[PDB]
Amino acid sequence: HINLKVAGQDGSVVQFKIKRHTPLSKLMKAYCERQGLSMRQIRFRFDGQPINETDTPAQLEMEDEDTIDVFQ
Amino acid sequence: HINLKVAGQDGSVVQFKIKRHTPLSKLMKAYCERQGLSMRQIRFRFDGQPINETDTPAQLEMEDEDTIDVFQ
Amino acid sequence: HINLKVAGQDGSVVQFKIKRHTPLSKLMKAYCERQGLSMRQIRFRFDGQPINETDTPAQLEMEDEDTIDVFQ
């Protein structure tokens with residue numbers, strides 16, 4: 001697994017672990033469930049690029065302790 | 001204190017700090033309270049072994065930044 | 001940004017990132033919102049000193065991976 005941070009605009013940082021070839025939608029759904037948020041209302045980006053349903057950490061060239069940004 | 005991670009099957013990783021000779025039930029109860037979960041429905045394991053009410057990090061040979069796995 | 005930990009008496013550790021010259025009330029409000037807590041009922045301290053509305057990490061001489069303590 002690699003460890004990823006999900007950072008909100010409020011400064012909150014929530015941690016996940018995910019395998020490099022697993023879709024990031026695993027993480028996005030878990031974030032929403034754990035944080036009581038809706039995909040209808042939030043968006044996830046990595047180094048400015050939107051993350052799609054099937055993108056994986058390896059495809060997006062993510063490394064351990066990288067950060068995903070969440071926006072409204 | 002040592003720092004411990006509690007990892008769910010969804011990839012969520014939640015952090016605790018606990019003294020080495022304090023029972024892990026402190027951590028288990030705090031996890032349940034903070035995550036809105038019930039002991040009735042979840043179980044905690046460390047390197048495949050169930051964690052009991054009075055087990056301590058020192059007894060289970062846990063070290064800083066180790067991970068506890070949570071299951072349904 | 002620097003990374004800060006917010007530690008509860010239950011051993012929970014929640015992470016934030018904040019710029020050094022931004023008021024810590026950003027973090028305090030985010031903690032309360034994310035944790036479903038009220039400022040009416042909790043207090044934040046750093047190395048024994050209460051944190052006020054306009055105190056910044058730089059003013060309080062905080063560094064990456066320092067811990068803020070939360071109390072009832």
# chains A, B, ... in the order shown; residues from 1 in each chain; ligands from 1
>>> calpha_fit_and_write(fixed="chain A", moving="chain B", output="tab-separated table (two decimals) with N, CA, C and O atoms, in the first residue's frame")
chain	number	residue	atom	x	y	z
B	1	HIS	N	0.84	-1.18	0.00
B	1	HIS	CA	0.00	0.00	0.00
B	1	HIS	C	0.89	1.24	0.00
B	1	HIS	O	2.01	1.20	0.53
B	2	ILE	N	0.34	2.34	-0.54
B	2	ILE	CA	0.94	3.63	-0.20
B	2	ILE	C	-0.07	4.43	0.61
B	2	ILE	O	-1.28	4.21	0.56
B	3	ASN	N	0.47	5.33	1.38
B	3	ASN	CA	-0.28	6.20	2.27
B	3	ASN	C	-0.55	7.51	1.54
B	3	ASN	O	0.35	8.08	0.95
B	4	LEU	N	-1.78	7.95	1.55
B	4	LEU	CA	-2.18	9.19	0.92
B	4	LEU	C	-2.94	10.02	1.94
B	4	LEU	O	-3.69	9.51	2.76
B	5	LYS	N	-2.80	11.31	1.81
B	5	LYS	CA	-3.49	12.31	2.57
B	5	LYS	C	-4.58	12.91	1.70
B	5	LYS	O	-4.38	13.14	0.50
B	6	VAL	N	-5.72	13.21	2.29
B	6	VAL	CA	-6.81	13.94	1.65
B	6	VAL	C	-6.99	15.24	2.43
B	6	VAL	O	-7.39	15.20	3.60
B	7	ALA	N	-6.68	16.37	1.81
B	7	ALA	CA	-6.66	17.67	2.46
B	7	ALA	C	-7.84	18.52	2.05
B	7	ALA	O	-8.00	18.76	0.84
B	8	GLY	N	-8.60	18.98	3.02
B	8	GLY	CA	-9.68	19.90	2.74
B	8	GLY	C	-9.21	21.32	2.80
B	8	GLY	O	-8.12	21.68	3.32
B	9	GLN	N	-10.06	22.22	2.27
B	9	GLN	CA	-9.71	23.63	2.29
B	9	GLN	C	-9.70	24.24	3.72
B	9	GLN	O	-9.10	25.29	3.96
B	10	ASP	N	-10.34	23.57	4.66
B	10	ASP	CA	-10.33	23.95	6.05
B	10	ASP	C	-9.04	23.53	6.75
B	10	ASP	O	-8.89	23.86	7.94
B	11	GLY	N	-8.13	22.88	6.07
B	11	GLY	CA	-6.90	22.41	6.67
B	11	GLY	C	-6.94	20.99	7.22
B	11	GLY	O	-5.93	20.45	7.61
B	12	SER	N	-8.12	20.37	7.23
B	12	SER	CA	-8.20	18.98	7.66
B	12	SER	C	-7.41	18.09	6.76
B	12	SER	O	-7.37	18.23	5.53
B	13	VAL	N	-6.73	17.09	7.36
B	13	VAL	CA	-5.96	16.10	6.62
B	13	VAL	C	-6.36	14.71	7.12
B	13	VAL	O	-6.16	14.41	8.29
B	14	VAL	N	-6.93	13.91	6.25
B	14	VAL	CA	-7.40	12.57	6.59
B	14	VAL	C	-6.59	11.60	5.79
B	14	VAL	O	-6.26	11.82	4.62
B	15	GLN	N	-6.23	10.46	6.36
B	15	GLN	CA	-5.29	9.53	5.82
B	15	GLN	C	-6.02	8.28	5.32
B	15	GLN	O	-6.98	7.78	5.91
B	16	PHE	N	-5.48	7.75	4.23
B	16	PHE	CA	-5.88	6.50	3.61
B	16	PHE	C	-4.65	5.71	3.23
B	16	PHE	O	-3.55	6.25	3.04
B	17	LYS	N	-4.82	4.44	3.04
B	17	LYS	CA	-3.82	3.58	2.43
B	17	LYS	C	-4.52	2.88	1.27
B	17	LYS	O	-5.67	2.50	1.33
B	18	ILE	N	-3.82	2.73	0.15
B	18	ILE	CA	-4.34	2.19	-1.07
B	18	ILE	C	-3.21	1.54	-1.88
B	18	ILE	O	-2.11	2.07	-1.97
B	19	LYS	N	-3.49	0.44	-2.51
B	19	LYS	CA	-2.52	-0.20	-3.39
B	19	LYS	C	-2.42	0.59	-4.69
B	19	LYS	O	-3.37	1.25	-5.14
B	20	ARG	N	-1.25	0.52	-5.30
B	20	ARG	CA	-0.90	1.41	-6.40
B	20	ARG	C	-1.76	1.20	-7.63
B	20	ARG	O	-1.96	2.14	-8.42
B	21	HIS	N	-2.29	-0.01	-7.83
B	21	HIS	CA	-3.07	-0.32	-9.02
B	21	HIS	C	-4.56	-0.47	-8.71
B	21	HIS	O	-5.31	-0.93	-9.55
B	22	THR	N	-5.02	0.00	-7.54
B	22	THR	CA	-6.41	0.00	-7.17
B	22	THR	C	-7.01	1.36	-7.53
B	22	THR	O	-6.42	2.39	-7.29
B	23	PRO	N	-8.24	1.38	-8.08
B	23	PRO	CA	-8.84	2.67	-8.43
B	23	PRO	C	-9.05	3.56	-7.22
B	23	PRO	O	-9.52	3.16	-6.16
B	24	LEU	N	-8.73	4.85	-7.41
B	24	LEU	CA	-8.90	5.88	-6.38
B	24	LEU	C	-10.35	6.11	-5.99
B	24	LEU	O	-10.59	6.67	-4.92
B	25	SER	N	-11.30	5.66	-6.80
B	25	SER	CA	-12.70	5.68	-6.37
B	25	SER	C	-12.90	4.89	-5.09
B	25	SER	O	-13.84	5.23	-4.34
B	26	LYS	N	-12.08	3.87	-4.76
B	26	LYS	CA	-12.14	3.23	-3.45
B	26	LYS	C	-11.97	4.26	-2.32
B	26	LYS	O	-12.74	4.29	-1.37
B	27	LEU	N	-10.93	5.07	-2.48
B	27	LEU	CA	-10.58	6.12	-1.52
B	27	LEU	C	-11.62	7.21	-1.49
B	27	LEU	O	-12.03	7.70	-0.40
B	28	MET	N	-12.08	7.66	-2.66
B	28	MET	CA	-13.06	8.74	-2.71
B	28	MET	C	-14.35	8.34	-2.03
B	28	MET	O	-14.92	9.13	-1.24
B	29	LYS	N	-14.82	7.13	-2.27
B	29	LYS	CA	-16.05	6.66	-1.63
B	29	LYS	C	-15.84	6.54	-0.12
B	29	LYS	O	-16.69	6.90	0.68
B	30	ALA	N	-14.68	6.02	0.33
B	30	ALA	CA	-14.41	5.89	1.74
B	30	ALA	C	-14.33	7.23	2.45
B	30	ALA	O	-14.87	7.41	3.53
B	31	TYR	N	-13.73	8.21	1.79
B	31	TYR	CA	-13.66	9.55	2.35
B	31	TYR	C	-15.03	10.12	2.58
B	31	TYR	O	-15.39	10.67	3.60
B	32	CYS	N	-15.88	9.96	1.53
B	32	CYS	CA	-17.23	10.50	1.64
B	32	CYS	C	-17.99	9.82	2.77
B	32	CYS	O	-18.64	10.52	3.57
B	33	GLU	N	-17.91	8.53	2.86
B	33	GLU	CA	-18.61	7.76	3.89
B	33	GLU	C	-18.10	8.14	5.27
B	33	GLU	O	-18.87	8.39	6.21
B	34	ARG	N	-16.79	8.19	5.47
B	34	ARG	CA	-16.22	8.46	6.78
B	34	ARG	C	-16.46	9.91	7.21
B	34	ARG	O	-16.57	10.22	8.43
B	35	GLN	N	-16.55	10.86	6.29
B	35	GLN	CA	-16.63	12.28	6.58
B	35	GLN	C	-18.05	12.80	6.51
B	35	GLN	O	-18.27	13.98	6.80
B	36	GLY	N	-19.01	11.93	6.18
B	36	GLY	CA	-20.39	12.31	6.06
B	36	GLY	C	-20.64	13.31	4.93
B	36	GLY	O	-21.44	14.24	5.08
B	37	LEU	N	-19.94	13.15	3.82
B	37	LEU	CA	-20.03	14.00	2.65
B	37	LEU	C	-20.55	13.24	1.45
B	37	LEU	O	-20.55	12.02	1.43
B	38	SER	N	-20.98	14.02	0.46
B	38	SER	CA	-21.54	13.51	-0.74
B	38	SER	C	-20.72	13.77	-1.99
B	38	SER	O	-20.25	14.90	-2.13
B	39	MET	N	-20.61	12.78	-2.87
B	39	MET	CA	-19.93	13.00	-4.14
B	39	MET	C	-20.65	14.09	-4.92
B	39	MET	O	-20.08	14.73	-5.80
B	40	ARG	N	-21.94	14.29	-4.59
B	40	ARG	CA	-22.65	15.31	-5.36
B	40	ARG	C	-22.03	16.68	-5.16
B	40	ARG	O	-22.15	17.54	-6.04
B	41	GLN	N	-21.39	16.86	-4.01
B	41	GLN	CA	-20.96	18.18	-3.57
B	41	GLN	C	-19.45	18.38	-3.50
B	41	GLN	O	-18.98	19.52	-3.33
B	42	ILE	N	-18.67	17.31	-3.62
B	42	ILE	CA	-17.23	17.51	-3.51
B	42	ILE	C	-16.56	16.92	-4.77
B	42	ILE	O	-17.13	16.10	-5.48
B	43	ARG	N	-15.33	17.41	-5.01
B	43	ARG	CA	-14.47	17.00	-6.10
B	43	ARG	C	-13.06	16.78	-5.57
B	43	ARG	O	-12.65	17.48	-4.66
B	44	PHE	N	-12.35	15.82	-6.17
B	44	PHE	CA	-10.99	15.46	-5.77
B	44	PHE	C	-10.02	15.76	-6.92
B	44	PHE	O	-10.31	15.48	-8.09
B	45	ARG	N	-8.88	16.35	-6.55
B	45	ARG	CA	-7.85	16.68	-7.53
B	45	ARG	C	-6.50	16.23	-7.01
B	45	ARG	O	-6.25	16.21	-5.80
B	46	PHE	N	-5.60	15.92	-7.93
B	46	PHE	CA	-4.21	15.61	-7.62
B	46	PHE	C	-3.30	16.43	-8.53
B	46	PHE	O	-3.43	16.31	-9.75
B	47	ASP	N	-2.53	17.30	-7.92
B	47	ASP	CA	-1.66	18.19	-8.67
B	47	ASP	C	-2.43	18.84	-9.83
B	47	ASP	O	-2.00	18.95	-10.99
B	48	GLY	N	-3.63	19.30	-9.48
B	48	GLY	CA	-4.48	20.12	-10.33
B	48	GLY	C	-5.35	19.36	-11.30
B	48	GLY	O	-6.18	19.90	-12.03
B	49	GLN	N	-5.21	18.05	-11.32
B	49	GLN	CA	-5.97	17.29	-12.32
B	49	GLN	C	-7.11	16.60	-11.62
B	49	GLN	O	-6.98	16.05	-10.52
B	50	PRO	N	-8.28	16.60	-12.22
B	50	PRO	CA	-9.42	15.87	-11.61
B	50	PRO	C	-9.09	14.38	-11.59
B	50	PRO	O	-8.39	13.84	-12.45
B	51	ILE	N	-9.56	13.72	-10.53
B	51	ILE	CA	-9.42	12.26	-10.45
B	51	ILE	C	-10.72	11.60	-10.89
B	51	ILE	O	-11.78	11.90	-10.32
B	52	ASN	N	-10.67	10.73	-11.88
B	52	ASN	CA	-11.78	9.99	-12.43
B	52	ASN	C	-11.95	8.64	-11.75
B	52	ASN	O	-11.08	8.21	-11.01
B	53	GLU	N	-13.07	7.97	-12.03
B	53	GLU	CA	-13.48	6.76	-11.33
B	53	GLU	C	-12.48	5.64	-11.38
B	53	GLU	O	-12.37	4.80	-10.48
B	54	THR	N	-11.76	5.52	-12.48
B	54	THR	CA	-10.91	4.37	-12.64
B	54	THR	C	-9.43	4.75	-12.53
B	54	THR	O	-8.60	3.85	-12.62
B	55	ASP	N	-9.09	6.02	-12.33
B	55	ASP	CA	-7.69	6.37	-12.16
B	55	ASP	C	-7.09	5.70	-10.95
B	55	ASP	O	-7.70	5.71	-9.88
B	56	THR	N	-5.88	5.21	-11.08
B	56	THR	CA	-5.17	4.58	-10.01
B	56	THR	C	-4.00	5.47	-9.53
B	56	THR	O	-3.56	6.33	-10.27
B	57	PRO	N	-3.51	5.23	-8.32
B	57	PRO	CA	-2.33	5.98	-7.88
B	57	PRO	C	-1.15	5.84	-8.85
B	57	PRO	O	-0.47	6.85	-9.13
B	58	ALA	N	-0.94	4.66	-9.37
B	58	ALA	CA	0.19	4.49	-10.32
B	58	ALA	C	-0.01	5.28	-11.58
B	58	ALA	O	0.92	5.89	-12.11
B	59	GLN	N	-1.22	5.29	-12.12
B	59	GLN	CA	-1.49	6.08	-13.32
B	59	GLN	C	-1.24	7.57	-13.12
B	59	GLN	O	-0.81	8.25	-14.03
B	60	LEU	N	-1.63	8.04	-11.90
B	60	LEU	CA	-1.43	9.45	-11.58
B	60	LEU	C	-0.06	9.74	-10.97
B	60	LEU	O	0.21	10.88	-10.55
B	61	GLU	N	0.85	8.77	-10.94
B	61	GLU	CA	2.20	8.96	-10.47
B	61	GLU	C	2.27	9.47	-9.03
B	61	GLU	O	3.10	10.27	-8.66
B	62	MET	N	1.37	8.92	-8.22
B	62	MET	CA	1.36	9.23	-6.80
B	62	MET	C	2.36	8.36	-6.05
B	62	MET	O	2.65	7.22	-6.44
B	63	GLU	N	2.88	8.96	-4.99
B	63	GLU	CA	3.86	8.31	-4.12
B	63	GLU	C	3.41	8.40	-2.66
B	63	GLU	O	2.53	9.20	-2.34
B	64	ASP	N	3.99	7.52	-1.86
B	64	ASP	CA	3.69	7.53	-0.42
B	64	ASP	C	3.77	8.94	0.14
B	64	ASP	O	4.75	9.66	-0.10
B	65	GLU	N	2.74	9.30	0.90
B	65	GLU	CA	2.59	10.55	1.61
B	65	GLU	C	2.25	11.72	0.70
B	65	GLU	O	2.19	12.89	1.13
B	66	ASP	N	1.89	11.45	-0.56
B	66	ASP	CA	1.27	12.50	-1.36
B	66	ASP	C	-0.09	12.92	-0.85
B	66	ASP	O	-0.77	12.21	-0.13
B	67	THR	N	-0.53	14.11	-1.31
B	67	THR	CA	-1.80	14.71	-0.93
B	67	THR	C	-2.74	14.90	-2.10
B	67	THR	O	-2.36	15.39	-3.16
B	68	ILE	N	-3.97	14.47	-1.91
B	68	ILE	CA	-5.13	14.73	-2.74
B	68	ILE	C	-5.89	15.90	-2.15
B	68	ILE	O	-6.16	15.90	-0.96
B	69	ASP	N	-6.27	16.86	-2.99
B	69	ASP	CA	-7.01	18.03	-2.56
B	69	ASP	C	-8.49	17.82	-2.79
B	69	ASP	O	-8.89	17.35	-3.87
B	70	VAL	N	-9.33	18.14	-1.82
B	70	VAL	CA	-10.78	18.06	-1.96
B	70	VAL	C	-11.36	19.48	-1.95
B	70	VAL	O	-10.93	20.34	-1.18
B	71	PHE	N	-12.30	19.69	-2.86
B	71	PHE	CA	-13.01	20.96	-3.04
B	71	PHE	C	-14.49	20.75	-3.07
B	71	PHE	O	-15.02	19.69	-3.42
B	72	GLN	N	-15.21	21.81	-2.76
B	72	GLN	CA	-16.65	21.88	-2.94
B	72	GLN	C	-17.09	22.06	-4.38
B	72	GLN	O	-18.22	21.63	-4.68
>>> select_by_dssp(residues="chain B", states="alpha helix (DSSP H)", output="ChimeraX atom specification")
/B:25-35
>>> write_last_selection(atoms="N, CA, C and O atoms", output="compact mmCIF listing (two decimals), in the first residue's frame")
# COMPACT_ATOMS: atom_id res chain seq x y z
N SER B 25 -8.04 -1.45 24.97
CA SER B 25 -9.46 -1.11 25.05
C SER B 25 -9.66 0.39 25.15
O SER B 25 -10.73 0.86 24.72
N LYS B 26 -8.72 1.19 25.68
CA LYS B 26 -8.81 2.64 25.62
C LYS B 26 -8.98 3.12 24.15
O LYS B 26 -9.85 3.92 23.85
N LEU B 27 -8.09 2.60 23.31
CA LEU B 27 -8.06 2.91 21.89
C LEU B 27 -9.28 2.39 21.17
O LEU B 27 -9.91 3.08 20.33
N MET B 28 -9.67 1.14 21.45
CA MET B 28 -10.82 0.55 20.79
C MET B 28 -12.09 1.32 21.08
O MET B 28 -12.89 1.60 20.15
N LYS B 29 -12.30 1.70 22.32
CA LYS B 29 -13.48 2.48 22.68
C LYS B 29 -13.43 3.85 22.02
O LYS B 29 -14.43 4.36 21.52
N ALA B 30 -12.26 4.51 21.99
CA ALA B 30 -12.15 5.81 21.36
C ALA B 30 -12.40 5.76 19.86
O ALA B 30 -13.09 6.60 19.31
N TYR B 31 -11.92 4.71 19.21
CA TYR B 31 -12.17 4.54 17.79
C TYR B 31 -13.64 4.43 17.51
O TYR B 31 -14.21 5.04 16.62
N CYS B 32 -14.31 3.59 18.33
CA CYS B 32 -15.74 3.40 18.12
C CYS B 32 -16.49 4.71 18.32
O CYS B 32 -17.35 5.05 17.49
N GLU B 33 -16.19 5.43 19.36
CA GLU B 33 -16.85 6.69 19.67
C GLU B 33 -16.59 7.71 18.57
O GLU B 33 -17.50 8.39 18.07
N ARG B 34 -15.34 7.88 18.14
CA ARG B 34 -15.00 8.89 17.15
C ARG B 34 -15.55 8.54 15.77
O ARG B 34 -15.86 9.45 14.95
N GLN B 35 -15.70 7.27 15.43
CA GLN B 35 -16.08 6.82 14.10
C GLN B 35 -17.55 6.48 14.01
O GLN B 35 -18.02 6.15 12.91
